[PDB]
Amino acid sequence: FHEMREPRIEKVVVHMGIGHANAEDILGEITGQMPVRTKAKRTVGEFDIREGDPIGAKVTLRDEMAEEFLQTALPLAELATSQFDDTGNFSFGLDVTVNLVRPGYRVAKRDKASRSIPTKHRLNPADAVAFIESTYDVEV
RNA sequence: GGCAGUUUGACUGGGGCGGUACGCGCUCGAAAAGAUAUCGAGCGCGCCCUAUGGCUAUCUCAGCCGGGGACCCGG
Ligand SMILES: [Mg+2]
Ligand SMILES: [Mg+2]
Ligand SMILES: [Mg+2]
Ligand SMILES: [Sr+2]
């Protein structure tokens with residue numbers, strides 16, 4: 001039964017939402033791969049009189065690049081619980097977001113015959129804390 | 001304008017003044033095919049755009065919720 005049910009880390013997105021940068025240089029060092037900039041939709045009084053323009057950057061880490069990061073990133077954070085999404089997700093922090101999910105996820109990310117993951121296969125807050133906690137650190 | 005010839009439109013609950021229903025577009029009036037009037041009700045057009053056109057690739061939007069009214073992740 002299990003195995004095809006045990007949690008997995010599908011992507012860790014690290015980003016800095018400045019609102020202006022060379023911050024890409026450091027985000028790339030702490031992660032290992034090339035960052036990408038983020039534009040800002042809608043204009044605002046806080047001098048964002050530009051819609052399509054650099055406001056921040058991010059990096060999406062998957063597989064080893066993600067673990068090699070969390071091993072040296074999680075120690076930096078502290079909190080837990082009441083900091084976890086309903087989808088068994090959690091973000092702390094420069095921000096660090098961890099996306100967790102069960103094995104049959106591709107079914108909702110592929111092009112052909114897509115389908116939205118059943119709420120029964122959907123990860124849970126508790127199932128999340130467990131997995132993480134059960135991997136080099138403590139909860140709440 | 002000393003003098004000559006003329007013009008100075010139409011619509012309109014008479015005419016004048018006001019206005020334009022004088023060329024166009026939409027809803028309603030309009031009575032479940034089409035057509036349909038009033039100085040009928042609501043309101044527009046006389047442009048603007050070299051991309052705000054065209055095709056292809058990739059992608060999904062308003063709004064709300066949860067996690068770190070800018071940005072990031074998920075629903
Ligand atoms: Mg005369
Ligand atoms: Mg004569
Ligand atoms: Mg008719
Ligand atoms: Sr006369």
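FYI, it's all coordinate maths here, none of it is from the lab. Cβ atoms come from the backbone with ideal geometry, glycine included; neighbour counts cover every protein chain shown.
So, A:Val101, is that one of a type in the set (A, V, I, L, M) and within 10 Å of RNA strand B (Cβ to nearest atom) or not? If you could, list the steps in order and put the result at the bottom.
On the way: of a type in the set (A, V, I, L, M): yes; within 10 Å of RNA strand B (Cβ to nearest atom): yes.
Criteria met by A:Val101.
Tell me whether the range A:95-118 contains one or more residues that are surrounded by 14 or more Cβ atoms within 10 Å (Cβ to Cβ), under 30 Å from A:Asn22 (Cβ atoms) and touching a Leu at 6+ places or on another chain (Cβ under 9 Å).
Checked against the condition, which is being surrounded by 14 or more Cβ atoms within 10 Å (Cβ to Cβ), under 30 Å from A:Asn22 (Cβ atoms) and touching a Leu at 6+ places or on another chain (Cβ under 9 Å), the range A:95-118 yields at least one hit.
For A:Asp95, only one of the following conditions fails: (1) under 10 Å from the mean Cα position of the chain (by Cα); (2) more than 9 Å from RNA strand B (Cβ to nearest atom); (3) of a type in the set (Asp, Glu). What is its number?
For A:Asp95, the failing item is (2).
For A:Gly32, all conditions in the list (1) assigned to a loop (DSSP other than H, G, I, E, B); (2) exposed (fewer than 12 other Cβ atoms within 10 Å of the Cβ) hold save one; what is the number of the exception?
(2)
Conditions (1) within 8 Å of RNA strand B (Cβ to nearest atom); (2) assigned to a loop (DSSP other than H, G, I, E, B), marked per residue:
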site	(1), (2)
A:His15	yes, no
A:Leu27	no, no
A:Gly52	no, yes
A:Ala73	no, no
A:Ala80	no, yes
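Would a scan of the range A:58-67 turn up a residue that is touching a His at 6+ places or on another chain (Cβ under 8 Å) and either surrounded by 14 or more Cβ atoms within 10 Å (Cβ to Cβ) or in a loop (DSSP other than H, G, I, E, B) (or both)? Outline the logic, then answer.
Our first condition is that a residue be touching a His at 6+ places or on another chain (Cβ under 8 Å); within the range A:58-67, this holds for A:58-59.
Going one step further and asking which of them are either surrounded by 14 or more Cβ atoms within 10 Å (Cβ to Cβ) or in a loop (DSSP other than H, G, I, E, B) (or both), we end up with A:58-59.
Looking through the range A:58-67, at least one residue is touching a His at 6+ places or on another chain (Cβ under 8 Å) and either surrounded by 14 or more Cβ atoms within 10 Å (Cβ to Cβ) or in a loop (DSSP other than H, G, I, E, B) (or both).
Within the range A:127-136, can one find any residue that is over 18 Å from A:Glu3 (Cβ atoms), in contact with a helix residue (DSSP H, G or I) (Cβ under 9 Å, 6 or more places away or on another chain) and in a loop (DSSP other than H, G, I, E, B)? Working first, answer last.
Within the range A:127-136, the first condition is being over 18 Å from A:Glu3 (Cβ atoms), and the residues that meet it are A:129, A:132-133, A:136.
Next, from what is left, pick out any that are in contact with a helix residue (DSSP H, G or I) (Cβ under 9 Å, 6 or more places away or on another chain): A:132, A:136.
The next check asks that each one be in a loop (DSSP other than H, G, I, E, B); those that pass are A:136.
Within the range A:127-136, one or more residues are over 18 Å from A:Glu3 (Cβ atoms), in contact with a helix residue (DSSP H, G or I) (Cβ under 9 Å, 6 or more places away or on another chain) and in a loop (DSSP other than H, G, I, E, B).
Cβ contacts < 6 Å: first residue more than 6 Å from RNA strand B (Cβ to nearest atom), restricted to the range A:37-50; second residue outside any loop (DSSP other than H, G, I, E, B), any location; separation 6+ or different chain. Result?
Close Cβ pairs (under 6 Å, with a partner that is outside any loop (DSSP other than H, G, I, E, B)) amount to A:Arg37/A:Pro54; A:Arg37/A:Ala57.
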